[PDB]
Structures are given as structure tokens and as C-alpha cells.
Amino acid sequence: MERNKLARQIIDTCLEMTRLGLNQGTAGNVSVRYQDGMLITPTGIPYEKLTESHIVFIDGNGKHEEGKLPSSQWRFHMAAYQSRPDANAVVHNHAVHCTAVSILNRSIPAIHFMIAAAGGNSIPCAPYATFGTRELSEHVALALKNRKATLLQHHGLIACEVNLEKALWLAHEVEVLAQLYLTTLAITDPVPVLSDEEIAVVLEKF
């Protein structure tokens, strides 16, 4: 849990995300909670040229390391950390099914019992705001109060978890749910869902 172990795992999560087909068009950014702020991927540099030394440190005040350029979306990574004290890693991407559900400005309802991995009976969609603004950070903060992952209207997905392995796994699970949702919505609307009682049982079991 030295800085370079964490910088390598960020990089492995970036490569893994591309492997899973969740980072189409190289839009992802990943961070982890570190000291008083976070370590995050940089802007510019393509994932495959990334080395430990490229990872940027952003302190609690939003001051980034000199000579480096943090991802343009660092502020909503910071907003997730302040909003969910249990989160230690955040994954952002523009996975196609999640992003298509974000364009329709729909929440994903309980069409599958794995919806409970994100903490309740849905995956919310936070309203649009221009990237990099305080207003976007505020919508992200509010959507993650009771959920570990949220869609971002006309944009993509944010998933947070206790470590990078689980944040990536969650992100992948939400992308499967989004695809399941869109494939069934084309056939029938509304899509059959599990009731609130059944999701209460599944949450108690998890």
C-alpha cells in the first residue's frame, strides 16, 4: 500500500477495463483514495503508454502535483470520496449500454437480482451538467448518497467501491444490467421487475 503499488493497480484497472470492452474510445479515468486526497489517471497520455510515474496526486484542497495534468474529471472523483466515506476507489467510463441508458435519462429498475450489488433496487441517472463543473460534482454527490454506482445523463457511468477490484467488477455488472435493460426494453415496456420485498430479501442475503 505504497504509492507505486497503488499506481500500478490503477494502470492494471485501465488495461482490464479496455479488455472487458468498457473503455470504448478511451474515455475512462480511475482513482484511489490516498493520504489526504487521491491518486488519479492523467489527461493526455493513452492508457498503453501509462507508467507509475504518470499517476497524479491531488490533495484534499484540489491542488495537484506540479508538472502533471490530472484527468479533466478529477472533481467528481473528489465528490465521490467526500460523499461516500467507505469508498476507496472510483471508476468512470463511457461504456456503451450504460451511456445509452443515460441518454434516455432512465434509472435501471430491478430487472435482475444483481441490481442489489449497487446498494438498493435501482441504478440512478444523475442529471446532465457540463463536464468538470461544480454543478456536475453536486449531482454525482447526491446520486451516490445511497448507491455505489450512478449513470450520468448524456455522459456515462461512475462506480465506487472498497478497492479497485470491486469497483471494476461493479462497473462491469452495471454494464451487463444496462444491456439487459436495453435489450428487453426494445421488446416490451415496461420491463418486468422484482418487487421491493424480493430485493429486501436479496440485500439481507448479501
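Position 1 is the first residue in the sequence shown; the rest follow in order.
- Just going by the entry, 83-91 versus 68-76 on mean CA temperature factor gives the higher value to 68-76.
- Mean CA B-factor, 22-30 versus 54-62: the higher value falls on 22-30.
- When the Cα B-factors of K148, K49, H172, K166 are read from the PDB record, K49 comes out highest.
- In this PDB entry, the Cα temperature factor of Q153 sits in the bottom third of its chain's modelled residues, the lowest group.
- In the deposited entry, the Cα temperature factor of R106 sits in the middle third of values across the chain's modelled residues.
- Split the chain's modelled residues into thirds by C-alpha temperature factor. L15 is in the highest one.
- The deposited CA B-factor of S137 belongs to the middle third of values across its chain.
- Remark: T41 belongs to the middle third of its chain, ranked by C-alpha B-factor as recorded.
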